[PDB]
Structure formats: C-alpha cells, structure tokens
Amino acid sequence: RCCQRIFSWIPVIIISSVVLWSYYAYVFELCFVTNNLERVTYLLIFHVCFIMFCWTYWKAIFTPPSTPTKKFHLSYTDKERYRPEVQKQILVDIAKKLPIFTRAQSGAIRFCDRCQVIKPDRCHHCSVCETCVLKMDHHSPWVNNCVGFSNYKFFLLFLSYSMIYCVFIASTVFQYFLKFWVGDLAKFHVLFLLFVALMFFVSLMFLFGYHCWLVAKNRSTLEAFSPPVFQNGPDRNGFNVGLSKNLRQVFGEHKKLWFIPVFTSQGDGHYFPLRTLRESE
C-alpha cells in the first residue's frame, strides 16, 4: 500500500537526516571555530568524504538487483502450472545443461514458484523486492534495497566511507570540546553529535569487520547462516578460491576503480568458481 511504501523509506530518511545535520554542524560552526588555510584544507577534505558517502550510499540504494537470465526461467503458461514429481524430473533434465551445483537440503533442484526460476547457485528469492536476486547477501532496510551481486561493492564502500565520516565528525567535536575545556575559545548541544558519531562508528566496526570476514572467504550472509548444499553435502567453503581472487571477484582487477562505486565485479551472476576446481586448468 501507499502507507507501506512510505514506511520502507524511513531508515533512509533517518540516516540522511543525521548526515545532513552533521554536515550543517561541521561546515559552519565547528570548522569556523577550529587559520584560513587550515580551515579551507579541512573543509575540502570533509567535502570529499561527504561526496564519497553520498555517492556510495546513492548507488547502494538505487542499484537494482541482478536477476536470472531467460535460460534459467521456465516459460510455462498459467495452465501448465499444475503433479510434483514430473516437475522434479523436468527440472533435473533441464539442469543437465545449467551450471548449477547447489541443491536444496532434500537434494531437489532449487526452484522459485513466484519467479518461475530455476535458481542459480547463490541466488535467493527476496519477498520484499519480490524477486530472485543473484548472490543475494541480504535485504537491507537501511538502504531500502537488496544487497547482492549487483551492488555489494557499493555497499562495502558505503560502510567504509561511513566509518571515515564518523571518525572525522567524532574527532572534530572532541577537539572542539577540548579547546573549550582549555579555554581557547560553547555549543553544548553538539556534544550529542559526538555521542551519535561514536555510536555509529562502533556499530560500523562490528558490521564492516563482519563483512570483511565474509568477503575474505567468499561467503554471503545467507550462506554464512545456512551453508550451501553440494553433491557431497553442505560445504561452508564451496566458493572460497583464495583471498586474492575472492577480493577481486567483488572489487575487480583494476586498482584505480576499487574505491569508487562504478560496477567492477567479476563473473556472471550465475556460475561462481568452485573451490574444488581452483587448480584445474
């Protein structure tokens, strides 16, 4: 409904409000209060931090999920959608020609009734986005969007620049209140700002770190909480092909584009290199 669609944006409104208020706070008040050359230097650094935050946040929010291609879709009519075991055999015969090595716990082919999709490996259905999403990490209320194959790099860059911004604001307010305490000048209310920054920082520390873990090992959140099932059973490392190539699968080979939110991730969204094949030519 209209109500629901409005309510889905409130986390984004909250983060955007906190960020804009921190901008207004630092730029005028705090930057003025703490040499002209120094002030301009720090104002331009702060502005670069701000622009990278908004850049990465925007592309995290507004990059739609990647979706399985036609080859993975069943083009059935409403009539044909009907006996379950014949469907099982049909899906098996189709999967004979698809690069799908993961199965359900029962061993069945993973299939989405809503999208009519033979799910690729690492693809999962999001009921919020209401679509199958390739290498879906998780649906994020905070970016009002799925985080997966298409935007994961933008998400991690957004966490990083969020952290840098938090450190900038926190350190600035600390210096302001120290200089007040040493009588070299207060705006007591901006103390709250510090308490906010700190909080977010520490939160990001747990989040960033966690994702570091995931990215180091080529593991999605869903996979971390439910290991994928292969022909020989569950395997927590089925897609782990080494730290370097795990990192480059997300950030690409070109160092210049690592820290900017332009799409640079490797592979199609469907087949992902098996750890078990990592030394096969």
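Numbers for residues come from their place in the sequence shown, where the first is 1.
According to the entry, the stretch of the deposited sequence that connects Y82 to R83 contains 4 to 9 residues lacking coordinates, which leaves a gap of moderate length in the model. Going from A108 to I109, the model skips none of the deposited residues; the chain is continuous there. The mean C-alpha temperature factor is higher for 44-52 when 44-52 and 219-227 are set side by side. Between 199-207 and 168-176, the higher mean Cα B-factor belongs to 168-176. Within the selection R122, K187, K97, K153, the deposited Cα B-factor values reach their highest point at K187.
Ranking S127, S140, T102, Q87 by Cα temperature factor from the entry places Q87 first.
In this PDB entry, the Cα temperature factor of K245 sits in the middle third of its chain's modelled residues. Annotation for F62: C-alpha temperature factor in the middle third relative to the rest of the modelled chain, per the entry. Among all modelled residues in this chain, the alpha-carbon of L257 has a temperature factor (C-alpha) in the highest third. The deposited CA B-factor of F251 belongs to the middle third of values across its chain. Looking at the C-alpha B-factors along this chain, the one for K70 belongs to the middle third.
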